[PDB]
Amino acid sequence: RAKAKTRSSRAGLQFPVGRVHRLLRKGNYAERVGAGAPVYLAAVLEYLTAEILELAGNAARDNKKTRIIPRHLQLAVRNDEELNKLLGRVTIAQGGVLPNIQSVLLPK
Amino acid sequence: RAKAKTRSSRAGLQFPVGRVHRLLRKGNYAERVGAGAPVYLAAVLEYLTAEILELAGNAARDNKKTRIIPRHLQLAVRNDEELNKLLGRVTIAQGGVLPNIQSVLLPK
Amino acid sequence: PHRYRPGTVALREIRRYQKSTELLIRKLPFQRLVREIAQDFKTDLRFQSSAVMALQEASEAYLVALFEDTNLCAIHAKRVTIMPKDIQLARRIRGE
Amino acid sequence: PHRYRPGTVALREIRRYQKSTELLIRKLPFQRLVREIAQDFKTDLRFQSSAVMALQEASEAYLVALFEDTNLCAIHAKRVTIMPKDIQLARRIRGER
Amino acid sequence: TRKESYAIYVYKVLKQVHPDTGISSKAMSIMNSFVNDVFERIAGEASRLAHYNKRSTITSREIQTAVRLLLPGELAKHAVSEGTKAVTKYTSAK
Amino acid sequence: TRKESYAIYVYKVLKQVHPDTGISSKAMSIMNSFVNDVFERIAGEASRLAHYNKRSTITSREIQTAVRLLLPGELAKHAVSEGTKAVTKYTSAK
Amino acid sequence: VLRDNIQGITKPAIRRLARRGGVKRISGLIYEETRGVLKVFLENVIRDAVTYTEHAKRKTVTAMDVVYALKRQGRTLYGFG
Amino acid sequence: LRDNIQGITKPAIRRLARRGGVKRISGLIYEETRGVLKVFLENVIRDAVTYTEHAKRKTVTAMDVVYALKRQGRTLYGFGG
DNA sequence: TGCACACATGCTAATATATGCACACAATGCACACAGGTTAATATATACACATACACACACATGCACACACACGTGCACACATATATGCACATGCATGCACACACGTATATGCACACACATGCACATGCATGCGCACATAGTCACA
DNA sequence: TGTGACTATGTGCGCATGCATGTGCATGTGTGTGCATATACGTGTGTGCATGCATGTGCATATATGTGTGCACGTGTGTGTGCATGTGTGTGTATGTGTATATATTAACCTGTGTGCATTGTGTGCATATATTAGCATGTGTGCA
């Protein structure tokens, strides 16, 4: 045989193409799975993970932290309009809420 | 061999047990489907159909109508506490709304 | 000449339209609106007659249910007149 | 003696509790509440420690989101104090009824 | 071609509860949508239940649990009784 | 036994966008929860898309349509580009 | 098709929808707000329906495409298949 | 385990309202909030227990709660699912 | 109390929609035969419940008064009800493109089975960012001049 | 309306903790390889059907007019709620232990699949006649002055 190359490396991805293919096969989604379907899905999952991690890392850097905690993920998701829509019915544990006081409640 | 009789008659049901089995098998729900699963599902579907139809037939009779129309189905569902919960996010076409006027809007 | 008090004809219209099931928006103007909105997604789209009917049934059901929620917000503020802020509050709470 | 005017320290608590993420209900009374409610479904029920924590996290998130909606209803009625009818309206609009 | 629907089976159910009551074509379409919607909800819940428990078979036990999760309280109790009775009769007869 | 998760892949992505930033175990669990959630949504929508069109296989075309249906405006456009670029690069190298 | 068809949703039509919703009194600014809300709702449904149509490689939006789009948004509709 | 709903104390409910941005609280909120939380917990726990029966287990796990929450449209991250 | 307006009611023709029927056919049932998923029994490690102990921070109750909510009253212009002219939606047909669906041959692609490496997860330290607490600057609050 | 006193959040500074991170076993899973199989796809086909047009009535829409009354504004008052204080008690943390139990292994067997054949039920396409819908006088029934 030739040297075994992972499909993720072939597609230039960090997420596991082979695992996604197996999960699609055993997830009872269809009786057949195309060759490019796990590659496309793994790339999309990797892109979305990078979007959140980049925003959460910026939030962690703002609070003078070197480690991302659930609070930074919550700040990243809720301050991003498109991520907030995607995760609008999702609760993040230990994430808290966004600081928001209605202007009518502020003293005059 | 012997004279073929449907599994619906074996289970004492009117809904098609054999068709539910095929819909379960080709619906991509699991690798295998047990023998009792389509029988159980068909009986539940038949019971829920009977519950709505008997309430809708009462609404049609209350309106001096012999034919069930979408209005009678909507009246049956929304006037039944559990059926309204089951179909809470369901829109029935040509069903209308329940007659409901807030008492504050009534003449003084 | 005979004249009804303000709100008397409105109450009759509430009873009239809460009893019937027909579509309350004119069909042809609604169809033109659907095609104009759809032209922003694809050019030279066609619609089945029942496809527009399904859109109108869902649109009117969505608006009627929104007005029911909007009416509760107006009554909550001790009013009987619905206002744009009533609609905005109802859509905010719904998650829209 | 020094006294803050009404609503001054209430606003301080809003800023304090919107900055933090810890659970606001005491853990032990909430665990007793969870087990009491589960008695009506089964007897001799055991709970994983993370199962109760998951329930508390969802419960507090649900209540905080409800209070945000309740606050908007009170402000809509030109008030600053939430009332039971504000909660009832928010749940009715949400469909939680 | 042939289009498959639950219309004939809904009609037989109607003739038992209301022997002298008909149904309109629009109301029959709604009933067909209702049966398909409930079927997909139950089958989807049963499918997830098997995956959660590392099982590859949808059995009547998965269907029964899916019914309890999806139907409201008293509706679920009668539906479970109907399903159990049909499976018992089906097994007793075959 | 072995419990598979996406943690090691999430960590690799984190080092690409933030080489000096770590992640807590609780935050890693949330990221693992997020990946499984999005996977189930896309795969579920793609599964329905094949069923609506009487197809028995899920392909990259079904994934692309599911991504557009499930993702908001700019997220869908960029995710489609990443998915298309990976698929194009994949077949270029078998 | 045409342009500026949102005005085709007339004030009497919006009033009838409010009457079915049990609304007794309507402010004059409601009609413009209602038109914006309807356009946002229709844009979301039609965009998904066309996406279903595009995947099927069709040029005609069918009732099923609208039904699937509505189901996708948690607004399942009975009576069209 | 009797009358544990009073374990959700007045200061605990006030802290939850503060995180929600509430500035002033009426005295009748606390009993209303306890009834709301009681209803919410019953729905989640009933489904979570139902998942436990199907697994033939006697221990409610974190996944059972997560699956129960997901079924109700209240997806929770950070507990294995 | 009487008048005017609107919705309803027994009433008759008309029709279009539902109901019933006959026929092919595709899907269901029947009968094997196979095989693997599931069950059951056992053992094992897990982690949950139970008890015990401590210290202390939070919850509870009280007293005080501030200001918010609720009722009240005022006025005004906004919106309802009405009438009138009119635009246009609805229905109705007629014609034609044209897209959708069926049917079919068939190659491309996916599953299958198997050997086999290697990537991933569990376990193992390890050190380092977070938490904890002390002091100190510092923005903010609230009478008071 | 600025100004002092009082309080509380924030900012470094110093220090221990435990928790994240890097390092190896190893094993299970993804991969490479042919292989056979069937789905999907391109081609052509005929047909429904959606689009556009042209015509007609008459229903609904738009405009304007008058006016009632609801909205909003301001006023005042009582009391409910917030703030702060003192006290104790129930929570949080650590500790340990016994027990129930969730988990994994192994054997076997029953159930589901697969295959092919017989065939009966189901959907399509048509008759058929019912209920539904459209008028016209009556019959209350409510509103309103």
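Below, read A as the first sequence line, B as the second, and so on, with proteins coming before strands; counting in each chain starts at 1.
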(request) At under 4.0 Å between heavy atoms, which parts of nucleotides 4-25 of chain J does protein reach? Answer with one letter per nucleotide, 5' to 3': B base, S sugar-phosphate only, - none. (result) ---BSSS---------SSS---

(message) Output one letter per nucleotide in nucleotides 59-76 of chain J: B when a protein non-hydrogen atom lies under 4.0 Å from the base, S when only the sugar-phosphate is that close, - when neither is.
(response) -SSS---B-SSSSS----

Pull out every protein N or O sitting under 3.5 Å from an N or O of nucleotides 101-109 of chain I, one pair per line with the distance.
residue: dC102(I); atom: OP1; partner: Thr1(E); partner atom: OG1; Å: 3.1

(message) Does the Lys NZ or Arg CZ of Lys94(E) fall within the cation-pi geometry relative to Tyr90(E) - under 6.0 Å from the ring centre and within 45° of the axis?
(response) no

(request) Mind telling me the pucker class of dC124(I), north or south, from the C1'-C2'-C3'-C4' torsion? (result) north

Can you list, pair by pair, the side-chain donor-acceptor contacts under 3.5 Å of residues 17-26 of chain D, counting residues two or more places apart and other chains?
residue: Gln18(D); atom: OE1; partner: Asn100(A); partner atom: N; Å: 2.8
residue: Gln18(D); atom: NE2; partner: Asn100(A); partner atom: O; Å: 3.1
residue: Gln18(D); atom: NE2; partner: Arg19(H); partner atom: O; Å: 3.2
residue: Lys19(D); atom: NZ; partner: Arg15(D); partner atom: O; Å: 3.0
residue: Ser20(D); atom: OG; partner: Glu22(D); partner atom: OE1; Å: 2.7
residue: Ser20(D); atom: OG; partner: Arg19(H); partner atom: NH2; Å: 3.3
residue: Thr21(D); atom: OG1; partner: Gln94(A); partner atom: NE2; Å: 3.2
residue: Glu22(D); atom: OE1; partner: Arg19(H); partner atom: NH2; Å: 3.3

(request) When you get a sec, tell me which of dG121(I), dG143(J), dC48(I) is the closest nucleotide to the side chain of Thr8(C)? (result) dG143(J)

(message) From the set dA129(I), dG37(I), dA99(I), return the single nucleotide nearest to any side-chain atom of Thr60(G).
(response) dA99(I)

(message) Is it the case that over 12 heavy atoms from other parts of the model lie below 6.0 angstrom from the NZ atom of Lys26(B)?
(response) no

(request) Tell me the stems DNA chain J sits in, counting at least three consecutive Watson-Crick or G-U wobble pairs, each under 3.5 Å on both distances. (result) I:3-6 with J:140-143, I:12-15 with J:131-134, I:17-89 with J:57-129, I:92-114 with J:32-54, I:116-123 with J:23-30, I:125-133 with J:13-21, I:139-145 with J:1-7

(request) Describe, in one word, how the ring planes of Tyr9(E) and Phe15(B) are oriented to each other, choosing from parallel (under 30°), tilted (30 to 60°) and perpendicular (over 60°). (result) tilted

(message) Could you tell me if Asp86(C) and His76(C) have a donor-acceptor pair between their side chains, going purely by distance under 3.5 Å?
(response) no

Short N/O separations, protein against nucleotides 88-90 of chain J, under 3.5 angstrom:
none

(message) Tell me whether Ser8(B) contacts the main-chain N or O of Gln14(B) through its side chain, where contact means a donor paired with an acceptor under 3.5 Å.
(response) no

